[PDB]
Amino acid sequence: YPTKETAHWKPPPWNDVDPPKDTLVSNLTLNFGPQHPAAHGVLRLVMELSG
Amino acid sequence: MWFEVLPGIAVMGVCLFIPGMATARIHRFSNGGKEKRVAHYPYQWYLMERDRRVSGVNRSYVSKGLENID
Amino acid sequence: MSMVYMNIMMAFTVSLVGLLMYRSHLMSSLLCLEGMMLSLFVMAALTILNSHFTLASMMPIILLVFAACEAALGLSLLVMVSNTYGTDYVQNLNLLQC
Amino acid sequence: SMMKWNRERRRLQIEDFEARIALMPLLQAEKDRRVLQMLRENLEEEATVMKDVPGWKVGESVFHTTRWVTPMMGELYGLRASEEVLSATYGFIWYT
Amino acid sequence: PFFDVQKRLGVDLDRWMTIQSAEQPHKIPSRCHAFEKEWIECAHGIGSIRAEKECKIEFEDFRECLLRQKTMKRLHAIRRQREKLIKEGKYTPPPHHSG
Amino acid sequence: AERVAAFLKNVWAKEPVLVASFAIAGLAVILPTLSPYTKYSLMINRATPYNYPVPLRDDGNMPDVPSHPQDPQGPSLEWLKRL
Amino acid sequence: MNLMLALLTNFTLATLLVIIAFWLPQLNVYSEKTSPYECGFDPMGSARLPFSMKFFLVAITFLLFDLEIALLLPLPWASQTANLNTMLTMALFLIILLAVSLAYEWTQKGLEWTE
Amino acid sequence: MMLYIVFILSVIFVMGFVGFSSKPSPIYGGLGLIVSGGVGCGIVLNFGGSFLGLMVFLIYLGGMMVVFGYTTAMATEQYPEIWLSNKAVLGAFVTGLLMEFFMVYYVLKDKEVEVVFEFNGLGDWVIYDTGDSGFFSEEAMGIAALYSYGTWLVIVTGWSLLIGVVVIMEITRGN
Amino acid sequence: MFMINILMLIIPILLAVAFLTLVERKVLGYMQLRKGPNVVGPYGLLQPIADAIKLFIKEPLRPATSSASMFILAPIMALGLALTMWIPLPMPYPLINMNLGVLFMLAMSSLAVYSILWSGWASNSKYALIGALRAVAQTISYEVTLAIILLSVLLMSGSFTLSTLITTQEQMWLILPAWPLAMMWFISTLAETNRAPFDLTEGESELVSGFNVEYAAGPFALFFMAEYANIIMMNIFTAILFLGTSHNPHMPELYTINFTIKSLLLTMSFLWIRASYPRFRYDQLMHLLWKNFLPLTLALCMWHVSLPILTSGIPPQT
Amino acid sequence: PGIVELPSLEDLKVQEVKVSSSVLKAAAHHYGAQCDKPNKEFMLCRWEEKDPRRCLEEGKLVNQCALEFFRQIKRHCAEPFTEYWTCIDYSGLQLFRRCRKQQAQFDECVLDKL
Amino acid sequence: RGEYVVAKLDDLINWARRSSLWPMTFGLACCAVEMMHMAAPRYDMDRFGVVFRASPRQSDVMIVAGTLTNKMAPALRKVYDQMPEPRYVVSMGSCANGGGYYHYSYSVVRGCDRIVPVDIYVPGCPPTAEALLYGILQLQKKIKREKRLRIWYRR
């Protein structure tokens, strides 16, 4: 029984599997140096970290 | 030399000795020269609250011997 | 029914009302489930300890054991929700329509 | 060594418990009089406080049975000072 | 129980903790042991329909022991009356009730 | 007996912590069922008098119940004083 | 009374030390001084961003094992019972099942952190 | 007065509940549940159960430590909400304290209050038992009976914890 | 006289912590072929006094991005809880005599973790956050092992009372019957105190300063004071647990001298270890205690439940 | 319903045993050997009657026999007993272990003189 | 007298600050190698109370040991700014003093004193470990002669 509310409803996938969402992995960027004991003084190591 | 490290250990040792000594001596002073009564279970607490009443001065560490029965 | 039972029973009601009114985070609602278990533990422990119901003294412990299972189970589902949408928002959990 | 000393510790415990078992008849007899004395003192004082209340019956029981019911803390220390009520209620739990 | 496997098999799975007047470690009694025992023995084998009316006296005493509603009301009246008399200087507390 | 010895040596060379764990746990399960002293642990616990020994009303027909604590009747703890 | 007074003294001393720290010294506050520290260069993003937990499975398992200490800690009192045969059986059964849980997760690569 | 310590702890117990029930950032909600766990331990500990009070505090201290790690991984945003940053959070926080105030105000004034049940305001100390136990802790003897009396409880809880580990691995496998 | 007893506990503790910093710098110095503090005072005896004054007259800063109430609550909680773990310790008489003292210390040690988590989170800094989440991993690593190691020992003592451990070791130290448990316990106190080789919450060479990277002046000193008061306490706990001292009720001072020496030596071993070993990776610390200590602790827990039963050596309940 | 019946203060009047807990514990073993019959009589009354009001008379004979017990110690073993319970009184736990030498002196006096 | 008291308080805080100097763990170039040898056993800067700490928020002294380039200059100012006061800067070596061997380079800052204030200049290329230690003990004497409280007392 179509209504205004259910006009944009569409039948679910034939196998219950929805498409995976667009990659939104947010890696953490960290300045490892230069003022860092293990950076040997003048190294600015920009690291993408996951955990 | 290494024995120049000892003065810093002696001061540290004296500081660790005081807490134990102070508690031991303060308990004696607060319980008439005896160990503070240990009451881990109600029976021991029941006897300590009976000591207060028997003492007649509201102190559980004041003992009453055979001189108080006649 | 002393004045302590009022606050304990009010704590359960607050955590129940807190669980039934979601804001956004699934984690915020999981805390309300663990809050409700805490109220039930305290209320049961008080009644058992006051009535000297000796054997019932283990019931509050058995109540915490199964509160952890639910809490761990709720966290495991929260991991999979986060892995699918990048957040623990409950508004994303709407693919299934009543 | 550990199991030989623990075995000796169990015998020292039985001796300690038998010392209590020797005193319990004396302690129980004293406690019974102490509880009955306190209840009577509350009854002799409920009479004066509640002399004017219309329907009050001094010493009325809340139970249908005539069996002896162990008084709870409120009944026994109903009218006594807060100092002794504090020690009779939380004295043990707070003694550390 | 919906299925009474315990009763037939003769195995006691959870009956040992159902009541507070049952056997306890070191024979430690519950505060309302006598009241529960009386209500249980009065209402044994007669069904809850009859016990709800024929064992009403024992069950009301049992509830009084459990929650102490009537005792606390009685204490409240005595305490409230004493304050009224004292507030209007009409009653002197005795020594053993003060120290 | 040759192939089994190979398994034990292999684990003893690669997981010595686990070999000690299972060996320790195996002794915990086996020795109590064999020790002759396990029965005394039960008796010592039963011999510890937490509660008061409520006396029995004497109807005149209880020959095995003592009238005084120091009477020969009743359980004896002579075994415990030597254990 | 003693325990509560001991706690009040410890956290009162802790508080008074903090108060002195903020009111005794000479302060010169300006924007660059209180900016977040990232080794000299401005942080690239917010510290409040998600931080992936690679040991999430082991952290959930900690919740279940942390409840075994609640069940195991009564053992010293449990050993005082007259039912030693039953008590020792259920003590070992409970510990063994705790060990089988560890074995299952270990063998199924559950204790290995995610890549 | 110290005679109302249990009641005073139960007021903080509710205030902590309003802390996380208003649902701010789970970081601050976790703090609220720790305060309630701490005072809840105090309340139980004053009725004669020291093991139960210390145990629930111990379990919830580890419980919220895992929750803290999960909050920085999966329940965090750029501006974590405090009890003042949001009208919905602030509205529910002020409402909870006001109801606590009125219930506390009426119980301490009338010595009674009727909400579903009838509560008595004389003080929690009036219901304590006047007899002493023996040479043991009744709470400790009851908890130690789990292994001699609670054979069936040990099996079901033991099996539940075992299956709990199997289940969480299955749920989080992802394939 | 009870307030005087409290002050006669915390004040000497704060003095011992102050001079443990001197003792560590000189012991590390001589194990590194140098001297350490010897200029400020005779043999460096005034170095702790100079450091305390310097830190408390220095400017403390609240970072612009910090959560102030939690940022300032954390140092207060750390020092308040490090002083609270001394009140049940029998030396030989506890200030607060608890029937469940072992449980109380466990509960307080789990609550003191949040002085790290809230410190690191409230700072709103990436290195403070990485440091805070290393404390979550560390606690997940040792908590289960630590509690069951205590339980195994308490099955030979028979109670959770700390003063009972004195009676248990009246004939012999518990190091002999429980040397395997003493080894794991010692390592677990290193992990629990965030000490090298398990100093990961700070991890100087990796996280600059870890959870307290943003702390300055007095607030930093409170974290440092809490850190050093814990290692002394965790070694007093070890001496009571495994190196029991004889208690003569007429000479309670002899216990204190002998008990103090063992605590100093165990504390010196912490400094000895910090000079000798590298640092674990914090995922390697988790595998150390879950794959090696936990399998052994579970086995030893079963062994110590059965050994008293099969030898008729169950300790008394009271 | 009904009035709770209580004894008068004259029915509860009796000569108390005013000795501290250390005195009682020092003499407990001998006390339980000599005063068994009045003790066990009173203790049977409490468990059978279940009412402290029904065992007041038995509860007085417990007091009467305990006094006579200490009077006999006060006549023959006054000095050894005082040393014994002074040493038990010193310990916080009132341990028997630490007073064996003083216990022996108290045990031998009663054995010979009583 | 009030002047006497503030003089003694000044001697106390001045003593505490010069006896507990905590340099930031901050080195740029070859001059940091000579700074390592001042921490090595022969000179043992730790015995004077001088302890390195990595966090700028726990440091009292910045030793600019090496060359300062235009790329690094913003980083240096940031870490200097994040030092709680009182804070002192020691410039070590020709590069950090006035550019040294690289004075005329497109990418070198001609002296760290263009970026931060400097309290002591230690000459050399590199200064020997014993020459840096002279500058540290010269900084301590400079702190010993501060008159913070006396100047406050007569404002």
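As written, the chain order gives the labels A, B, C, D, E, F, G, H, I, J and K, with residue 1 at the start of each chain.
The criterion applied here is as follows: a contact is a pair of C-beta atoms (placed from the backbone, for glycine too) under 8 Å apart; a residue touches a chain by one contact, two chains touch by 3 or more.
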Shortest walk length in steps over touching chains, subunit D through to subunit J: 1
Which of D-F and G-H has more C-beta pairs touching across its chains: G-H
Computed distance of Cα centres, subunit J from subunit H, in Å: 46
Where subunit C and subunit J are represented by their mean Cα positions, the distance between them in whole Å: 54
Intercentroid distance (Cα basis), subunit B paired with subunit A, Å: 63
Centre-to-centre distance between subunit I and subunit G (centres being mean Cα positions), rounded to whole Å: 15
Residues of subunit E touching at least two other chains: 16-17, 24-26, 28, 31, 34, 68-69, 72, 75, 79
Residues of subunit G touching at least two other chains: 1-3, 26, 28, 33, 35, 37-41, 43, 48-54, 56, 59-64, 66-71, 73, 75, 77, 80-82, 84, 88, 91-92, 96, 98-99
Subunit F: positions in contact with at least two other chains: 25, 28-29, 32, 38, 41, 44-45, 48, 50-52, 83
Subunit A-facing residues of subunit I, complex: 126, 204-206, 208
Parts of subunit H lying in touch with subunit I, wherever the complex brings them together: 27, 31, 34, 38, 41, 50-51, 54-55, 57-58, 61-62, 65-66, 68-69, 72, 82, 135-137
Subunit A partner contacts - residues on subunit K that touch it in the complex: 24-29, 32, 54, 56, 66, 72, 75, 79
List of subunit C residues in touch with subunit A within their complex: 84-86, 95, 97
Parts of subunit G lying in touch with subunit A, wherever the complex brings them together: 38-41, 43-45, 49-54
